[PDB]
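Structure for this input, please:
(one chain, ligands or ions: 2)
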Amino acid sequence: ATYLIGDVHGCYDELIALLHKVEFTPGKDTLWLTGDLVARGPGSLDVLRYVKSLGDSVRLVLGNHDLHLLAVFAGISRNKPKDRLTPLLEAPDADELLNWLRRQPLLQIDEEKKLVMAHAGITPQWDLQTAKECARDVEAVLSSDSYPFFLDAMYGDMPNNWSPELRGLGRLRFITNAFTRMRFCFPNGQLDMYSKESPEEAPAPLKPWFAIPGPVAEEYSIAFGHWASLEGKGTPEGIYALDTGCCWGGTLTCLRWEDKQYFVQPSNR
Ligand SMILES: [Mn+2]
Ligand SMILES: [Mn+2]
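Numbers count the residues shown, from 1 in each chain. Ligands and ions are numbered 1, 2, ... in the order given. There you are, the coordinates:
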């Protein structure tokens, strides 16, 4: 079976309880994770150890808090006490875990399920070929010996409009924002980097990225996490918002793909 779980944010106990609820069995089952494995919750270290140990039985995409963790590790960004990352950063296997983490994809595609996963979703300005190429570009930087320079460059809110002509820092920044920070779009598909509220609270003419017809969503289902204020609700058919805010006192959600059956684990808070 195929299980998809939204943002774990260090909530190791809830993740394991949820996986036991579905009797997740590596070798028979596969787990897809929407990213943001770390931060806020208390067990980021255990979450990373376990997910890394699953190997081919897990298909991960990186989220914005995973990238932030990498930036702290590399000395690019300051540690916030609120993220609770110190046990992981000071762990004897920190190097092993974070060098594994930075080699994971931004995008997962399963053609037999016609299923696409990214942390924030797929901007309607991208077709599948473009999304694949952009994911590959950023993954090549993250997997290289010079990933700290990229992590330093990624911070920023511009440009917010895709063009195949984009080059250099702006091209990487747009790619990173689209995969890991996107929520609202302007009618032309351009990204808004400021509003984090539910679609109902957003000012016109802002709409959820998934409310704008895009070539990928027309042919593929899209699973994503990241947008906790969505509360997993209000999406069109074929769009699966899996982040139900576990670290925030909400729930951790698991979707079994074969029967679209939901399983939910209450936050331990
Ligand atoms: Mn998150
Ligand atoms: Mn996120």
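
Can you point out the buried residues in the top helix by length along the chain?
Secondary structure of the chain per DSSP state H: the longest helix is helix 128-142. Within helix 128-142, the residues scored as buried using 16 or more other C-beta atoms under 10 Å are 128, 130, 131, 134, 135, 138, 139, 141, 142. No exception for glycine: its C-beta is placed from N, CA and C like everyone else's.

Distance to residue 207 added to the residues you listed, as TSV?
As requested, the buried residues of helix 128-142 are exported to TSV (distance: C-beta to C-beta, whole Å):
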residue	distance to residue 207
128	22
130	21
131	20
134	22
135	24
138	26
139	29
141	31
142	30
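
that older thread, can you list the neighbours in contact with the longest helix of the chain?
62, 70, 102-103, 105-107, 109, 116, 118, 122, 126, 147, 150, 162, 164, 171-172, 175-176, 178-179, 215-216, 219-220 (C-beta atoms under 8 Å, 6 or more residues apart in numbering).

what does stretch 143-156 give?
Residues from elsewhere that reach stretch 143-156 (C-beta under 8 Å, 6+ apart): 67, 70-71, 74-77, 102-103, 138, 141-142, 169, 172-173, 176.

Dump the longest helix of the chain to PDB, keeping only the CA atoms.
Output of helix 128-142 as PDB, limited to C-alpha atoms (Å, rounded to 0.1, in the frame of the first residue of the first chain):
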ATOM      1  CA  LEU A 128       5.500  19.000 -15.900                       C
ATOM      2  CA  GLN A 129       8.700  19.200 -18.000                       C
ATOM      3  CA  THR A 130       9.500  22.600 -16.500                       C
ATOM      4  CA  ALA A 131       8.800  21.500 -13.000                       C
ATOM      5  CA  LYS A 132      11.100  18.500 -13.400                       C
ATOM      6  CA  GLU A 133      13.900  20.600 -14.900                       C
ATOM      7  CA  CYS A 134      13.700  23.200 -12.100                       C
ATOM      8  CA  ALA A 135      13.600  20.500  -9.400                       C
ATOM      9  CA  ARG A 136      16.700  19.000 -11.000                       C
ATOM     10  CA  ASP A 137      18.500  22.400 -11.100                       C
ATOM     11  CA  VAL A 138      17.900  23.100  -7.400                       C
ATOM     12  CA  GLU A 139      18.700  19.500  -6.300                       C
ATOM     13  CA  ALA A 140      22.000  19.600  -8.200                       C
ATOM     14  CA  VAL A 141      23.000  22.700  -6.200                       C
ATOM     15  CA  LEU A 142      21.800  21.200  -2.900                       C
END
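
And it, how far out from the chain middle?
Relative to its chain's centre, helix 128-142 lies at 15 Å (C-alpha atoms, centre = their mean, to the nearest Å).
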